[PDB]
Amino acid sequence: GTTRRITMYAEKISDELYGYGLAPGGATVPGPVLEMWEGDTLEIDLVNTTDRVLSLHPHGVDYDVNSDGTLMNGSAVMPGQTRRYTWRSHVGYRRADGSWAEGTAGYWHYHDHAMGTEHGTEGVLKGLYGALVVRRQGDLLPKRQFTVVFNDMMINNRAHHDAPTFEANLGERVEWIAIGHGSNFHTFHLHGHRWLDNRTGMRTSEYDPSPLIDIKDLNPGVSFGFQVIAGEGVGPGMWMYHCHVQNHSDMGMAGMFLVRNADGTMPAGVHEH
Amino acid sequence: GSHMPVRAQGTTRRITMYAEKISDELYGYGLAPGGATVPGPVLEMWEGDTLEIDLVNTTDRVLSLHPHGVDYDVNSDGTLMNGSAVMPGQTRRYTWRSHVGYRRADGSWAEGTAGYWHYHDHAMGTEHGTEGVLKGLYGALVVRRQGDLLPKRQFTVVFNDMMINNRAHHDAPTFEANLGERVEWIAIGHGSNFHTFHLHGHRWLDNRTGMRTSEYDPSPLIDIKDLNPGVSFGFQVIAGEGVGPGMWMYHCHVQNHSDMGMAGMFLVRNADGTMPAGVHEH
Amino acid sequence: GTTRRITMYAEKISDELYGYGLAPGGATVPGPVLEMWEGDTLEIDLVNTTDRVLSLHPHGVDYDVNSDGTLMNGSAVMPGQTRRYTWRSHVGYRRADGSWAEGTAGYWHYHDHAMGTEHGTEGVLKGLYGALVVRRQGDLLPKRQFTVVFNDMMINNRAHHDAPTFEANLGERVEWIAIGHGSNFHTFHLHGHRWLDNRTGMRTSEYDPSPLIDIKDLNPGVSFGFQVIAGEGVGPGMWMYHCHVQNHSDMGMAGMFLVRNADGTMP
Ligand SMILES: COc1ccc([C@@H](O)[C@H](CO)Oc2ccccc2OC)cc1OC
Ligand SMILES: [Cu+2]
Ligand SMILES: [Cu+2]
Ligand SMILES: [Cu+2]
Ligand SMILES: [Cu+2]
Ligand SMILES: [Cu+2]
Ligand SMILES: [Cu+2]
Ligand SMILES: [Cu+2]
Ligand SMILES: [Cu+2]
Ligand SMILES: [Cu+2]
Ligand SMILES: [Cu+2]
Ligand SMILES: [Cu+2]
Ligand SMILES: [Cu+2]
Ligand SMILES: [Cu+2]
Ligand SMILES: [Cu+2]
Ligand SMILES: [Cu+2]
Ligand SMILES: [Cu+2]
């Protein structure tokens, strides 16, 4: 594995919006997608530019308490200060007792654990969250990568209805990372596409039992990911993704997966400005 | 006869579905005029098959038909947004394809369509068919892979908000089998509420079919599963296996939901088809 | 296959709490962990020491209707009465149709089905529940075993922002049995630890596709379990477990998994 070091900025975007970024003034909601290969180490300097206590906490990666991102463990960041966080990962290895310790690979995420409560409630509400992708050697890689976060009644903290439009060309390999947050329950559904329900979303071997699905529970704290071939067997056009909970979709958690023609030209019913 | 097809192809089935108002509270799909049910027909295919459906809208409302899991283009997706809905009194033609697994030019495997899927209205009352679904336009869509074992009995259980198959006066459906029969359950959640489907005295592997695929299958054995809006799954069991005949409750396990009436009976009769102690027939 | 006979006592522990115990005055919430290997049978005399109608009901195990612990099936226990419940179990076997009947093994649970409502709503609420672990031959056994029940807004009926502290020493094999109950949805999450999402939470062949997870839905009626090695690759300390539903955690569904030093001391 390799050791990588990055600086991450926590910034107030607006009254309602706090976010993480890889450069000063570049914070986004959702935050940047962080990638590691199993066994890599990532070291992050979290620069808190805000007037709030806040922090950084991951899922799935190896971290000790001093990296856990909680006030309880002395791991948060005071306003105008920087904290070093250290995330490790490992390949699968055999234990002395005969058993198998699984490698770190999976679709994970990170987010504030310190802002407004010990559980980071206000931090998450206002957008400090981001995808953490830990790859196993040999995993297939995407042309396009989308992070979808159902945060309470919001998709990626967008306004009443502006749900992100995610875009691909017909036939491209597309990676969806999906993360739930907040106090609300959701079900993530994508029209016209489907994946196997397992780590990568695709068949690993003839013995793989996993069912094919077009929809999956996305609850607070939960993350998964998968890959599809854009418009495979269905063609291009505007493909809806949304929360299948009926009053939720009506309140606007619905958005478009836009699949253009292979050459990148717009499909039938679309009006370009 | 020679010559047969150069490459094996699936079957193309053509059907008509009537969307009808049943009462002020109820809308449904049916295979014949006056034949609407809630839930509607179980539609069944094998991987590779095509299903060409004429939806005849007999109501005064805009509504549609949209599936999960099968292959459809935007013109079949069942949304107003894609010009895919059906205006009052009109007929729209929908096409649903399916495929066997295949190897991609990139070397990865495209999974075949098989699984327990479902269909339902996307156009009525909202771009999401909230009213359609609330009022009963939904049904199971079962796509099978070759060699799948076939049920003797088949039950569609839809948790739609606080109702099972929209049964709102006590009267959650009793499902029946004779002891030893292979029985198939298809579970579909709908609406705004969260559920856990639980079945007394029976259990299944949590995977596509509910049974062991090979000696490598890791899937836990379960008697209960989340069934939330949009979610379907299915499994098979041998009725009363290792347990015996009787009234076997199935219910949502959310406490306040079961207490409100989301519970029903799985009635396992004796092998010969006779009532077990406690149950009378008439 | 082994047959085992035990007495179970339903007791009122306090005003807000009912429990099961293996001895008089010994009732706890959650109740005792019942352990079986596939093929074994567990025969239970439930002694009802309360003034309330109540019952005992298993998941996963083979039981006839006479043992399903519901009023509708004549299976409940009146105040003062003693009732026999019989749970059998089996190893996998091949059916005549070629298909495979799965053995019982799993992380299961048992609870009241008769108190307050035909669904045992009051009995579940006031704490009558426990873990039922059915093991398959060759399964690895824990050094420590924790039952966590998310019951409405409570963790093991701690209603006071008192959620249990579960303890282990660094490096010990730890089993978690997770059970949901009540009317709320939850997600169970464990800091600094992860497990394969499958029956045992660990890998049995290179073919197991199961994702590795640190969090899972735990809703009413639902159970599951896994083993971890305490503090593996992460060191000892106060490691949070909690419900990831934000308003829930803020309201007190959070507790500690305390990993001590290899020698038992605090970190
Ligand atoms: C069938 O009769 C009913 C009985 C009870 C209720 C609810 O009040 C609740 C279950 O949802 O009962 C509880 C009972 C005991 C303790 C707590 C409880 O809830 C918090 C609804 C019923 O019909 C709809
Ligand atoms: Cu946490
Ligand atoms: Cu939602
Ligand atoms: Cu859909
Ligand atoms: Cu988290
Ligand atoms: Cu214009
Ligand atoms: Cu939709
Ligand atoms: Cu009515
Ligand atoms: Cu329910
Ligand atoms: Cu049960
Ligand atoms: Cu749907
Ligand atoms: Cu008569
Ligand atoms: Cu029950
Ligand atoms: Cu109290
Ligand atoms: Cu919770
Ligand atoms: Cu965490
Ligand atoms: Cu139960």
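Looking only at residues in the range C:157-181 that are part of a loop (DSSP other than H, G, I, E, B) and small (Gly, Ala, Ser), which one is farthest from ligand 8 (Cβ to nearest atom)? Filtering the range C:157-181 for residues that are part of a loop (DSSP other than H, G, I, E, B) and small (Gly, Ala, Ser), the one farthest from ligand 8 (Cβ to nearest atom) comes out as C:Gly171.
Considering B:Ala172, B:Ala140, which residue is outside the structural domain of B:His253 (by CATH) and away from ligand 7 (no atom under 16 Å from the Cβ)? Step through it out loud before you land on a result.
Working: B:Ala172 fails: outside the structural domain of B:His253 (by CATH).
Criteria check complete, one pass: B:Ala140.
When the residues of the range A:212-243 are filtered to those that are within 26 Å of A:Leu132 (Cβ to Cβ) and outside any strand (DSSP E or B), the one that is farthest from the other protein chains (Cβ to nearest Cβ) is A:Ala230.
Being surrounded by fewer than 17 Cβ atoms within 10 Å (Cβ to Cβ) and over 21 Å from the mean Cα position of the chain (by Cα), is that true of even one residue in the range B:60-69? Looking through the range B:60-69, at least one residue is surrounded by fewer than 17 Cβ atoms within 10 Å (Cβ to Cβ) and over 21 Å from the mean Cα position of the chain (by Cα).
How many residues does the range B:246-258 contain that are surrounded by 18 or more Cβ atoms within 10 Å (Cβ to Cβ), over 14 Å from C:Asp64 (Cα atoms) and facing chain C (nearest Cβ under 9 Å)?
Start the filter on the range B:246-258 by keeping residues that are surrounded by 18 or more Cβ atoms within 10 Å (Cβ to Cβ), which leaves B:246-255, B:257-258.
Those still in the list that are over 14 Å from C:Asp64 (Cα atoms) too: B:250-255, B:257-258.
Subsequent filtering for residues that are facing chain C (nearest Cβ under 9 Å) retains B:251-255, B:257-258.
Adding up the residues that qualify gives 7.
Would you call B:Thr209 touching a strand residue (DSSP E or B) at 6+ places or on another chain (Cβ under 8 Å), on the phi < 0 side of the Ramachandran plot and within 14 Å of chain A (Cβ to nearest Cβ)? Even if it seems obvious, please write down each step before you answer.
Details: touching a strand residue (DSSP E or B) at 6+ places or on another chain (Cβ under 8 Å): yes; on the phi < 0 side of the Ramachandran plot: yes; within 14 Å of chain A (Cβ to nearest Cβ): yes.
Yes; evaluated as a whole, the condition is true for this residue.
Under the condition of being touching an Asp or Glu at 6+ places or on another chain (Cβ under 7 Å) and within 20 Å of C:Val124 (Cβ to Cβ), the residues counted in the range C:164-195 number 4.
When restricted to residues that are touching a strand residue (DSSP E or B) at 6+ places or on another chain (Cβ under 6 Å) and part of a loop (DSSP other than H, G, I, E, B), the range B:182-203 contains 6. Look at (1) surrounded by fewer than 23 Cβ atoms within 10 Å (Cβ to Cβ); (2) within 9 Å of another protein chain (Cβ to nearest Cβ); (3) part of a loop (DSSP other than H, G, I, E, B) and you find that A:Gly264 fails only one, number (2). Among the residues in the range C:220-231, are any over 18 Å from C:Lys143 (Cα atoms) and either within 16 Å of ligand 5 (Cβ to nearest atom) or free of Cβ contacts under 8 Å to residues at least 60 places away in the same chain (or both)? Within the range C:220-231 (the criterion being over 18 Å from C:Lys143 (Cα atoms) and either within 16 Å of ligand 5 (Cβ to nearest atom) or free of Cβ contacts under 8 Å to residues at least 60 places away in the same chain (or both)), the answer is yes, since at least one residue qualifies. Scanning the range A:100-141 for residues that are more than 18 Å from the chain's Cα centre (by Cα), at the interface with chain C (Cβ under 10 Å from one of its Cβ atoms) and among the small types (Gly, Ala, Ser) yields A:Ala101, A:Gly103, A:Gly116. Scanning the range A:169-228 for residues that are crowded, with 21+ Cβ neighbours inside 10 Å, among the small types (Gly, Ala, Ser) and within 16 Å of ligand 2 (Cβ to nearest atom) yields A:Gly180, A:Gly182, A:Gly221, A:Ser223.
Of all the residues in the range A:42-61, those that are assigned to a loop (DSSP other than H, G, I, E, B) and touching a residue at least 40 places away in the same chain (Cβ under 8 Å) number 9.
Read through the list (1) crowded, with 20+ Cβ neighbours inside 10 Å; (2) in contact (Cβ under 8 Å) with a residue 24 or more places away in the chain, then give the number of the only condition that C:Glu118 fails. Checking C:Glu118 against (1) crowded, with 20+ Cβ neighbours inside 10 Å; (2) in contact (Cβ under 8 Å) with a residue 24 or more places away in the chain, the one that fails is (1). Apart from one condition, C:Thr2 fits all of (1) within 14 Å of chain B (Cβ to nearest Cβ); (2) away from ligand 17 (no atom under 16 Å from the Cβ); (3) among the hydroxyl-bearing types (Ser, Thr, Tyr); the exception is (1).
Among residues that are assigned by CATH to the domain that holds B:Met124, of a type outside the set (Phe, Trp, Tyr) and in contact (Cβ under 8 Å) with a residue 40 or more places away in the chain, B:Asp71 is included.
What is reported rests on the model, the rules as stated and the sources as named; no laboratory instrument gave them. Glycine gets a Cβ as well: all are built from the backbone with ideal geometry, and neighbour counts include every protein chain shown.
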